[PDB]
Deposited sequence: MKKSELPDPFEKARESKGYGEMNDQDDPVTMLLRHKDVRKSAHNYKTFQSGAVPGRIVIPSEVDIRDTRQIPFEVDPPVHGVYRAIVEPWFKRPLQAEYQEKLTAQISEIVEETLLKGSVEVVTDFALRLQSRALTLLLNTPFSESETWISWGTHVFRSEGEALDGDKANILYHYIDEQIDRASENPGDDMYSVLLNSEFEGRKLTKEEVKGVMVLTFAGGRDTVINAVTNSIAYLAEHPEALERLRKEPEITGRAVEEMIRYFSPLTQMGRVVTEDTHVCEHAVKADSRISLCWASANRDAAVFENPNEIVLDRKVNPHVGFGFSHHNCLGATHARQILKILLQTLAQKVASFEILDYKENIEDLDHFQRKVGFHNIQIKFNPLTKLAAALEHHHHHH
């Protein structure tokens, strides 16, 4: 019950196939069925991402930022060109050397947590692991993680100005870090501008922060209440890939994402007006009972798992590779070093989605790690 994430979208998904929420005078029609979420994600002409910066997020961020995120807020065919520039950078976590460093980080944090005995997972464990792992993706010095940890779980400008500062440092003194690589990369034969680099870099910091922190935290909670799962991962390491994907499905750490409707049409026989917003509710699609057997359970070795936790079609998650390695390594490290857990005290993080109230994880959760 404590590690459970209920599906608040069930009645509405099965009856009408959509829901509605209000957000800053820009109301949202939420798509809830797997089939419709896929068809709409693929149809960028009708449901566009290339809007006024901030608009496709929920809550909308139009009032807090001006800079267009890349490739997130760009439509094809231009989307594919920016995407081809950055995609090899994001595939780097497939390399053995990168995975060794990450194994060493995660091993270290698990061992130190075994000495403390009990920790607050969200801040003392998940935030530390996420920040340290991000130094590898960005290829910055390890110590930069302390800055990111200090930020914790006008306010956005702290991030935007820090990004501006690193872009400036890297233009003066080019090195090997992601900033430097982006400034030297080419879009149709010219170098990316600082504004474009900022577009990629703000997105990169923001898209992987809460999502990874929630996946890591939710995974430990789950393993704490399912000793049989913990033992299966110890004795059957081959299922770990599938367990990670199943955890992304069930937890769906990015609940939903907007699009802007460009023309009058219908979805589920419900009309949607041009210039309004829809949402692709990945978390509802990933519980659809026409698609997943036992959808409200974690089936640890599920082979058939067409989930949309990392999106679908054009904008599918670029951080997916990084995230998957974090989680495969975490699950295996816990299985080889921890015998059991106990959850001592917690407070839930509930997303206020108007008629729907969605547990996405925990604001805090104290957990005891007992050693093997």
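K.L.:
Give the ranges of the deposited sequence, numbered from 1, for which the structure holds no C-alpha coordinates, in sequence order.
P.N.:
No C-alpha for residues 1, 155-166, 386-399.
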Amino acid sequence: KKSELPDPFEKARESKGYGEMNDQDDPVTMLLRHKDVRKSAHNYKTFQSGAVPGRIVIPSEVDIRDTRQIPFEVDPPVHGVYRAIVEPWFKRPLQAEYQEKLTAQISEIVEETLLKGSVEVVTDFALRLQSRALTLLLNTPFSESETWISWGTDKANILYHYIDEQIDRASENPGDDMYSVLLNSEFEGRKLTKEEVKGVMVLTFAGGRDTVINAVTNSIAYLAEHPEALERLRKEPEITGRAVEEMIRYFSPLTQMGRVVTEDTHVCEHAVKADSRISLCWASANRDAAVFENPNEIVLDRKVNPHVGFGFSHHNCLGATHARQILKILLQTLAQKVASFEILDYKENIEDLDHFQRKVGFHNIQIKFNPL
From here on, numbers count along this sequence of modelled residues.
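K.L.:
Tell me which stretch has the larger mean Cα B-factor in this entry, 47-55 or 308-316.
P.N.:
The stretch with the larger average C-alpha B-factor is 47-55.
K.L.:
With reference to the PDB entry, specify whether the mean Cα temperature factor is higher for 21-29 or for 360-368.
P.N.:
Taking the mean B-factor of the alpha carbons in each, 21-29 is higher.
K.L.:
Between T193, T255, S131, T113, let me know which has the highest C-alpha B-factor in the entry?
P.N.:
Largest recorded C-alpha B-factor: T113.
K.L.:
Go through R92, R83, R249, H270 one by one and give the residue whose Cα B-factor in the PDB entry is largest.
P.N.:
Reading the PDB entry, the winner on C-alpha B-factor is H270.
K.L.:
Looking at the entry's B-factor column for C-alpha atoms only, identify whether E245 ranks in the lowest, middle or highest third of its chain.
P.N.:
As the PDB entry reports it, the C-alpha B-factor of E245 lands in the lowest third of its chain.
K.L.:
Relative to the other modelled residues of the same chain, rank the CA B-factor of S40 and answer lowest, middle or highest third.
P.N.:
Middle third.
K.L.:
Pull the Cα B-factor of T67 out of the PDB entry and bin it into the chain's lowest, middle or highest third.
P.N.:
Middle third, going by the recorded CA B-factors of the chain.
K.L.:
Classify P295 as lowest, middle or highest third according to the C-alpha B-factor given in the PDB entry, relative to its own chain.
P.N.:
For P295, whose C-alpha B-factor we compare with every modelled residue in the chain, the answer is the lowest third.
K.L.:
Relative to the other modelled residues of the same chain, rank the CA B-factor of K347 and answer lowest, middle or highest third.
P.N.:
As the PDB entry reports it, the C-alpha B-factor of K347 lands in the highest third of its chain.
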